[PDB]
Amino acid sequence: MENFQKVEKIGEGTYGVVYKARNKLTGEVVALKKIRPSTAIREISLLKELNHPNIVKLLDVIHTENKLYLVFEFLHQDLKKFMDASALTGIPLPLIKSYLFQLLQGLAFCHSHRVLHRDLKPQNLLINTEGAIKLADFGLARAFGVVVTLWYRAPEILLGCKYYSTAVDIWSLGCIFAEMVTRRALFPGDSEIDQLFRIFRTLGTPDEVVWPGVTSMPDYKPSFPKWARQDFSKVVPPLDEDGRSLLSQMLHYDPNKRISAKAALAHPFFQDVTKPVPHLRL
Ligand SMILES: Nc1nc(Nc2ccccc2)sc1C(=O)c1ccccc1
């Protein structure tokens, strides 16, 4: 657009490319997502009225010249870069806790407004110098669709569920939480089946006992290997028991048993939550 001065390309999203840009008139620095039905456009204009401190603000939606532009407030850095930058020493547990707590607040808010993210990953979790972290790049689905990171995909999606719930976001956030703690992706699959099987190898191959209805799912095969569940002490060793307890509830196979964001916020793990300042190199 002539209204914006693309400063730098900051990412290759899914629906499009994201640029750091400057508003020629106001001088405001923003994140501009460029894409490329009209009903989903409504679904979008709705995300605009989603105001919460832990959700990246969508400032403007501009549809023109066979292109859709989404203008977002600009955040300082993404969690993937911060995790990479913190790999030698690891993110301090208090900051990990603060970030998880805030993200749960953002999801509790989104979910209470019937909005699902669908594709949470470190790359779309944005942080600022003040210690805040915000959800960004919400996935629409049910519209534009019908390489890609599968590491944070909930099992029900991998098994072909056609209608996933708010539980898919809790699963993704649980995988992210584990990763912040161990400094290694929890389930780094390189294909849908490898992803699914890495989850099975760690949490055990689900069955009707722990996940009623799982054997009747679209992509479930009786021929799936039967792996036994591993202990969380080995899964996320540096995490204390309150953290492991919470993580296990965020990673329950059954979407209906999986803890909600609201309930998670009341977990004992957050009893001593604080809001530390991250050391950010910009
Ligand atoms: N607001 C915002 N700030 C961003 N800032 C930023 C700063 C430094 C490095 C990378 C991203 S990204 C970003 C996004 O809304 C976003 C859009 C699509 C995919 C992922 C993120």
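The scheme used for residues numbers each chain from 1 in its written sequence order. That scheme is not guaranteed to match the entry numbering, and residues without coordinates are omitted from view. Computation of side-chain values: all heavy atoms of the structure, hydrogens and water removed.

In the PDB header, X-ray crystallography is given as the technique by which the entry was determined, and 1.85 Å as its resolution.

What follows concerns the site of the ligand. For this description, a residue counts as near a given molecule or strand if any of its non-hydrogen atoms is within 4 Å of it. As a matter of local geometry, the ligand sits amid 16 residues, with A31, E73, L75, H76 and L126 nearest to it. Taking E73, its main chain carries an N or O atom lying 2.6 Å from a nitrogen atom of the ligand. Computed by Shrake-Rupley with a 1.4 Å probe, the accessible areas treat only the displayed protein chains as cover when residues are assessed. Relative to its unbound accessible area of 480 Å², the ligand is 91% covered by the protein chains. Each helix is a run of DSSP H or I of at least 4 residues and each strand a run of E of at least 2, with the numbering of both proceeding from the N terminus. Secondary structure elements with two or more residues in the shell around the ligand: β5 (67–73) and β6 (77–78). All the domain ranges listed were derived from an automatic or database domain assignment. Each of domain 1 (1–76) and domain 2 (77–279) gives at least three residues to the shell around the ligand. Distance and chemistry together define a polar contact, namely a pair of N or O atoms within 3.5 Å, with one atom able to donate a hydrogen and the other to accept it when in protein, and with adjacent residues in sequence counting only for side-chain atoms on both sides.

Now for the sheet that holds strand β1 (residues 4–11). DSSP calls a pair of strands paired once it identifies at least 2 bridges connecting them. As summarised here, the arrangement of the five strands in space is β1-β2-β3-β5-β4, forming an open sheet in which the pairing is antiparallel. The two strands at the open ends of the sheet, each matched to only one other strand, are β1 and β4 (58–64). Sheet twist, expressed as the average angle between the axes of neighbouring strands with direction ignored, equals 30°. Of the strand pairs in this sheet, strand β2 (residues 16–23) and strand β3 (residues 29–35) are connected by seven bridges, and their pairing is antiparallel. The residue of β3 that forms the bridge with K20 is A31. Interaxial angles span 0 to 180 degrees and are taken between N-to-C directions of axes, which are lines fitted to C-alpha atoms, for helices over the stretch in contact.

With numbering aligned to this structure, UniProt lists the feature "active site" at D119. Burial classes follow relative accessibility: with a 1.4 Å probe on protein chains only, a residue under 20% of its type's maximum area counts as buried, one over 50% as exposed, and anything between as partly exposed. By relative accessible area, which is 16% here, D119 ends up buried. Pairs of residues are marked as contacts when any of their non-hydrogen atoms sit within 4.5 Å. Here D119 is in contact with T14, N124 and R153, once residues within four sequence places are set aside. One polar contact links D119 to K121, side chain to side chain, over a distance of 3.3 Å. UniProt positions are given in the numbering used here, feature names are shortened, and annotations may be inferred rather than shown by experiment.

In sheet architecture, strand pairing relies on hydrogen bonds along the backbone and comes in two forms, parallel and antiparallel. With antiparallel pairing, the three strands of this open sheet are ordered in space as β6-β7-β8. Taken across any chain shown, the strands that pair with only one partner, and hence form the sheet edges, are β6 and β8 (133–135).

What follows covers the domain arrangement of the protein chain. For the protein chain, the assigned domains read domain 1 (1–76) and domain 2 (77–279). Domain 1 and domain 2 are separated by 26 Å when their C-alpha centres are compared. Across the boundary between the two partners, domain 1 contributes 20 residues, which contact 26 residues of domain 2. Buried area: the accessible surface (1.4 Å probe) lost by two parts on joining, summed over both. Carbon and sulfur atoms make up 63% of the surface buried where domain 1 meets domain 2, a total of about 2,000 Å² over both sides. Summed over the three residues of domain 1 that lose the most area to domain 2, namely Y15, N54 and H76, the buried surface amounts to 32% of that side. In what follows, salt bridge is the name for a side-chain nitrogen of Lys or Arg lying within 4 Å of a carboxyl oxygen of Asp or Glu. On the surface where domain 1 and domain 2 come into contact, there are two salt bridges. Note that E73 is salt-bridged to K134, the shortest N-O span being 3.0 Å. Taken together, the connections running from domain 1 to domain 2 amount to ten residue pairs in polar contact. Only β3 and α1 (40–47) provide two or more residues apiece to the side of domain 1 that touches domain 2. Per element, the largest residue contribution to the side of domain 1 that touches domain 2 is four residues, and it comes from α1. By the convention adopted, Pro, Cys, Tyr, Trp, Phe, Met, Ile, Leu, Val and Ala count as nonpolar, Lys, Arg, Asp and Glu as charged, and the other residues, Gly among them, as polar. Residue composition of the side of domain 1 that touches domain 2, grouped by class: eleven nonpolar, five polar and four charged.

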